[PDB]
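Protein chains in written order, with the numbering used here: chain A, 1481 to 1819; chain B, 97 to 193; chain C, 4 to 515; chain D, 5 to 64; chain E, 3 to 107; chain F, 278 to 435; chain G, 2 to 51; chain H, 11 to 91.
For each residue, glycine too, the CB sits at the ideal point set by N, CA and C.
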Amino acid sequence: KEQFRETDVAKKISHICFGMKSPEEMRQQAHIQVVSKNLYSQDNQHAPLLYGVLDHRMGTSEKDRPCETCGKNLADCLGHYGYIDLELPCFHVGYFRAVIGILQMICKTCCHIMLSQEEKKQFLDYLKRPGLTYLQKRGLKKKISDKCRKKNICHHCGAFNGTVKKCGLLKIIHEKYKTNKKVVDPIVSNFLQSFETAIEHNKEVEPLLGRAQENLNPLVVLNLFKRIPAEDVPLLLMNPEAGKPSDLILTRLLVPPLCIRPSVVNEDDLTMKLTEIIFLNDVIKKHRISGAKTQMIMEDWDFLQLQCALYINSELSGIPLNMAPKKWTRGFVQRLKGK
Amino acid sequence: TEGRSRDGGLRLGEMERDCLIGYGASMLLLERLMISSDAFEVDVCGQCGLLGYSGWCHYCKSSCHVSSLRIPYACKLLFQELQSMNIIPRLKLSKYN
Amino acid sequence: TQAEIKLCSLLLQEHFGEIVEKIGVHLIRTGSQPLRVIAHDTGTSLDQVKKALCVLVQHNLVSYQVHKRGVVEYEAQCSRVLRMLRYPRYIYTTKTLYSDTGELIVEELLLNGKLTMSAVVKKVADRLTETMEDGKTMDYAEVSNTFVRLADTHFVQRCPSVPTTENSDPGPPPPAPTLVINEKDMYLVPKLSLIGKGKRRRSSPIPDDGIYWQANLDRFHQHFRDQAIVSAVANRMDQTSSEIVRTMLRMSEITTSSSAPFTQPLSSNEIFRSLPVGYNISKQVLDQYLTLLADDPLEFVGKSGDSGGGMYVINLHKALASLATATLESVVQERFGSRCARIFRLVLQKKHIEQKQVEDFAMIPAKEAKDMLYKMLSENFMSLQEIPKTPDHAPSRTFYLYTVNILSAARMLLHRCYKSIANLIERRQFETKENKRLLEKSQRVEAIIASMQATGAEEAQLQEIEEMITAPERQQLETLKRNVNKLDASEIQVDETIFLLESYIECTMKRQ
Amino acid sequence: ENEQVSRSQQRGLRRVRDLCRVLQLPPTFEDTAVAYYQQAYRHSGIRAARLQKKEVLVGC
Amino acid sequence: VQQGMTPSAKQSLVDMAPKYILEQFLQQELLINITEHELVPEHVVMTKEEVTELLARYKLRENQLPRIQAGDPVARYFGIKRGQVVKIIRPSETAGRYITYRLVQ
Amino acid sequence: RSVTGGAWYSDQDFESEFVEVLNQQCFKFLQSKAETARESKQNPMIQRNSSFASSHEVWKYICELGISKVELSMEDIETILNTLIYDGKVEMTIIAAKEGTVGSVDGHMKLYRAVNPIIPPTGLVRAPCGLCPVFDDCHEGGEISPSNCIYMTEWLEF
Amino acid sequence: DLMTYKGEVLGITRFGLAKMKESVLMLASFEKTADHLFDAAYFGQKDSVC
Amino acid sequence: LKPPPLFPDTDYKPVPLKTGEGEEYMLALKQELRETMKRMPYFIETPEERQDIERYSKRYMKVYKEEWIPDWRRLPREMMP
Ligand code: SF4
Ligand SMILES: [Zn+2]
Ligand SMILES: [Zn+2]
Ligand SMILES: [Zn+2]
């Protein structure tokens, strides 16, 4: 006796459906965590480590030993994923524009978009419309954005929101509690009173406090996206099945399989540029327990920001000369673009 | 491979892909850019839309939904090169008729 | 809002089955649409959707409304849906304040969604009649007494009635009756033609036709925050303060809006007489007392004047803020220990202050305190004002000024509260499912023992039914019952914090 | 995979190569000299020996 | 109008009264009737029954037609509300006329 | 002081036991005085004064004990007391300078008083998830799950 | 006819092409590759292979 | 080198539950009522389906069910049970 087996069914691709992945899903898809900066053992054999990059439990890049995960050789190993995790969250550089647009769209205090219910009515009418095209969705993006930038208070929470401004490349700030050209509101009193002890211990703060702005850095921005009401999400034009907004902020990365990045000369660009990320993480975790000041802590944080950005593409401009890249490098974008 | 020093065969550029289109040759274009250059065979899980291996889908933990396609190797490479970039092409399957 | 959704989904499934709650969560995640379209999006037939939405309207988790061009949509009530687990406290409160009659009244009120006066009184009487024997019975008089005591105290209140649809808009009637609500008769009970007693039932003419009623939940919530504040002052100063606070609040029940940050002041002359005769405090001693509670820097109560005796006002908004911050301090204390509460209180009072300006105050040395401050960023309780010295905005030339914002913190924890509850409940469901074989076996053998238990009893079955492997396994089910009891106790012993947190955030709302 | 190595140890190594560059002999002299040095840097007596004995041990 | 309109007046011309229509011009554009122009062929406004007849002839839906934007001069000229079809009669080098249908958005 | 670091700074280390025993003993007396004052149980208006403790009074008491052979200073003991308010333990009140031998404020003098905690331990801190460190990583779909979490299973027992 | 059937004169440019074709892979194969791909994932586009 | 385990230890221990008589009475009512309500006709299980072939026992041990009685004068026109 035996159960009938459907041997093979001829199958044809119908669609390619793009989308993002949330860090939880990202863990679920990968195979091993990688936790080591180094890649070979100290001994003479040049054998690869068991938990570093280039562990052959992810793939093969040579002819003489198999991939452990599926026990076959370089001829037919389809490659498998690992993952790494970052101590502090990070902007994706790619979707950076999306992050700033979302932050401009939402209310910074209550996470509800600043729409009147008539506007919501019209706009959900446009959404039900059959045959939505990319051009058309761009159009609703334009009209949404226009009808929402010109509004200052929030109907839902009763507060009012400033504007978001670039404060250097790959960091963003907001114009909330500055001194205002419309003259400051009585809330300036509690502002002033809040720096009382700071001024008493440091009088140099007093000349400076009038220039303060809202410090929405990646971590607090991430905490904000965790809270958008489920109703609003489609009105941000994101397909709710593709991805939640939190995925635009990343706390884990995939290491691609070895077959993407073979290694014999014996370096390969991504295999080493990625070693720097895992290096810097080890630093900040060691630095996490040092008793060091806030200063160098946030430096070693944003240095990840520089590194991830260079991991995706190498042509960024707003990089100061003292840690500007020393040489050309092939991120992902460089190997997709070009003749 | 690329050149006569290493016996690389000859390149059928984009500009001959166009001349082959104009004649309306559909089987010769397929033959001359897939089944001779770099045809390859791959496992796809129909339920989740990701790739799998050896008839298994490590993502879903099952061997029932997987299926084997013919595909250019360069495309197989392209998807794996996009996922890590945090852009994910999920595949939706259907019958061949 | 994924955590909320995970709660309500499984709660609606618990209370109505796995066939309806998909519909409920679709409306909860989309707001309002007519039936034609939701039928398609859920991929479910007309009849199933109808027999669902009738139920949800009955318990008013979903509403309905006629919209433009005459279509009727169903509006999900995003809050009401997830208020359900608050029922235990309603039952507890009504049994505390009133006899068991009101307790059995309220359970029927919620279980059926809505009932008319004759319906509720008759049903509650009928089940009560099972609770005593020997021809003893109760009258509708006492039940009506309890109900009207609920009504004038505004804990139980009328439904929305229909408009005069029988004599308005002649011709084709509107798609829906479009019920209406008013306050004029809204605690006014109708005079029932029914008289007499509850009657026992075979289990096989209405004057108040359509006059349904429902408990006023927010009346309980007002009472709860009153409970919290009086408990707080009793813990802080004495029970006597609790009575006088209970006094001016029971005067202030209808003198101010439920969500107002304050109350219009009563005089100590009025409090001196409104206080119960069981208290021996004199007027001058009373006045000096309220002087102390008004002088308390926690400032729950303010003076605001002296016209016609001692004017005194309770500060509702700051009372809520006080309890919410106390809860914040409590959770950080237990989650990380007292020294964390120290540093948090430092920044709480020293609104902006640096690490090198607090190590003296905190008297905990370097290489442990600075790290201790950094870990607190991971839970977003802190902030850092980073004011720059130069237009360069270089990190070497800015001041790293710590800060705290209360509202952001409280909003965050609410998610942690929800997911905590969800994990506990889904854990119980997980064990119950995986133990379903044990449960089915135990229920079967318990039914077997229930058979022949006393009628037609014999000894050949009173020891053999537990003889098998259930002997070491019954204690596993009993231990499982202890686990169920522990997690259930967590259910009730979580959401008091949710009450105070939610009240504080909702009262923060200006609604411009 | 280059170990950080003791600061004094690499200071000595630098003397090794600064010595062989004087005579400007073919490079493999430098590398093999380094190997012999590392082999010699595996005993307590040499480690505790005064730096003058180290200055001579590179020479030999 | 002689020299244009104020921004407020320009704004009101889209929503003043949905029951009324107030197409706007300047004398500039009416010094010549564009139908007399060489470069533009003849138009006809087309009727619902013939709409059904045509899209039956080819078995289409109206989203599968070419387009003419409302703001286009002749569209303004005949004042056609969007969602209609106009027949275009393209002259040819011979007696054969070239007929073609275009949908207004 | 940036060089001597007072009595607390010793041999390039910090006498943790010394300051901690000061903290615990000073609150011991603060709560003792508060409870004995309230045991009078006559009038809250007089408890408004009787419950509070003078910094000079408690300094005299604690130096009378002589726990530490190193000197206990006036402002030192005052700052030791200043930790308890931020420990959420004591209250503060200022009166005229005629109290005590010192009168440690210009024309004024300031007192301390033990304080009850406003609320019991919450229900939330009784939930294991509240204490769970992998809270972000626990998912029903995740390999760490409520259907798998050890902290909960172990929390069933005690 | 191609240049004008959409109701507007559409140049044969990287901008013009974006307004004439809906699919993702093709445009990403001509110009503006990175931006097309990233924003395409943001909108959650399905892309029928035709 | 060796990646941390899945469950690290914790220094603090969650606070034990408090015990109360009225509250225990509530929890009692809890696991009672949650099983009681599922009998009220608003609860819906799967409608009877997939019976192999007719045999008369389903005539004697037949299940009894009748259509519910909502208020016909409160819900829209399409409400008929
Ligand atoms: S592992 Fe257990 S205790 Fe931790 S968050 Fe998950 S369910 Fe809660
Ligand atoms: Zn493999
Ligand atoms: Zn808002
Ligand atoms: Zn799969």
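query                                                                                                                : result
One or two residues paired with residue 165 (chain B) in a DSSP bridge                                               : B:138
Alpha carbon of residue 98 (chain E) to alpha carbon of residue 91 (chain E), nearest angstrom                       : 10 Å
Chain-ordered chain H contacts of residue 1513 (chain A) [CB-CB under 8 Å]                                           : 13
Reduced DSSP category for residue 1538 (chain A) - H, G, I as helix; E, B as strand; rest coil                       : coil
Candidates C:23, C:473, C:280, of which the one nearest residue 442 (chain C) by Cα                                  : C:473
is_contact[residue 419 (chain F), chain A] using C-beta, thresh 8 Å                                                  : yes
Spatial distance of residue 512 (chain C) from residue 309 (chain C) (CA atoms)                                      : 31 Å
Beta-carbon neighbours of residue 1813 (chain A), restricted to chain G and to distances below 9 Å                   : 34, 35
8 Å CB neighbourhood of residue 520 (chain C) in its chain, flanking five on each side removed                       : Here chain C comprises residues numbered 4 to 515, so residue 520 (chain C) is not present and cannot be evaluated.
C-beta contact flag for residue 88 (chain E) and residue 46 (chain E) at 8 Å                                         : yes
Distance CB(residue 140 (chain B))-CB(residue 162 (chain B)) smaller than 8 Å                                        : yes
Residue 76 (chain C) - containing alpha helix (DSSP H), residue span                                                 : Element bounds for residue 76 (chain C): not the alpha helix (DSSP H) but the beta strand (DSSP E), 75-79.
Residue 574 (chain C) vs residue 462 (chain C) beta-carbon contact at 8 Å                                            : There is simply no residue 574 (chain C) to check, as chain C begins at 4 and stops at 515 in what is shown.
Euclidean distance between Cα positions of residue 188 (chain B) and residue 58 (chain C)                            : 38 Å
Contact set, ligand 3 heavy atom to C-beta under 7 Å                                                                 : A:1587, A:1589, A:1590, A:1592, A:1594, A:1634, A:1636, A:1637, A:1639
Contact under 8 Å by Cβ, residue 165 (chain C) with residue 216 (chain C)                                            : no
Buried or exposed by the 16-neighbour rule on C-beta atoms within 10 Å, applied to residue 69 (chain H)              : exposed
Per DSSP, the bridge partner or partners of residue 305 (chain C)                                                    : C:316
Proximal residues of chain C, C-beta to C-beta of residue 1507 (chain A) below 8 Å                                   : Simply none; closest approach about 17 Å.
Any non-hydrogen atom of ligand 1 closer than 7 Å to residue 411 (chain F) Cβ                                        : yes
CB-CB length for residue 313 (chain C) against residue 271 (chain C), believed under 8 Å                             : 3 Å
Extent of the continuous beta strand (DSSP E) to which residue 1562 (chain A) belongs                                : 1562-1571
Beta-carbon proximity check, residue 254 (chain C) vs residue 269 (chain C), cutoff 8 Å                              : yes
Neighbour flag for residue 333 (chain F) against chain A, beta carbons, 8 Å                                          : no
Closer than 8 Å to chain G by CB, residue 70 (chain E)                                                               : yes
Residue of G:50, G:32, G:45 minimising C-alpha distance to residue 1819 (chain A)                                    : G:32
Presumed contact (8 Å Cβ cut-off) between residue 303 (chain C) and residue 247 (chain C), rounded CB distance       : About 12 Å; that fails the 8 Å criterion.
Expected contact under 8 Å - CB spacing of residue 99 (chain C) and residue 145 (chain C) to nearest Å               : At roughly 19 Å, the Cβ-Cβ gap does not stay under 8 Å, so residue 99 (chain C) and residue 145 (chain C) are not in contact.
Interface partners of residue 1504 (chain A) on chain F, CB under 8 Å                                                : 414, 416, 418, 419
CB-CB length for residue 1650 (chain A) against residue 1744 (chain A), believed under 8 Å                           : Actually they do not touch by this definition, with Cβ atoms about 35 Å apart.
For residue 13 (chain E), the nearest candidate out of E:26, E:5, E:4 (CA to CA)                                     : E:26
Residue 218 (chain C) and residue 75 (chain C) closer than 8 Å at C-beta                                             : no
CB contact below 8 Å: residue 45 (chain G) versus chain A                                                            : yes
Segment contact flag, the stretch 39-48 of chain G with the stretch 17-37 of chain H, C-beta cutoff 8 Å, min 3 pairs : no
Proximal chain H residues relative to residue 111 (chain C), where beta-carbon distance stays under 9 Å              : Result: empty, since nearest Cβ-Cβ is about 11 Å, beyond 9 Å.
Residue closest to residue 292 (chain C), alpha-carbon to alpha-carbon, out of F:432, F:434, F:320                   : F:320
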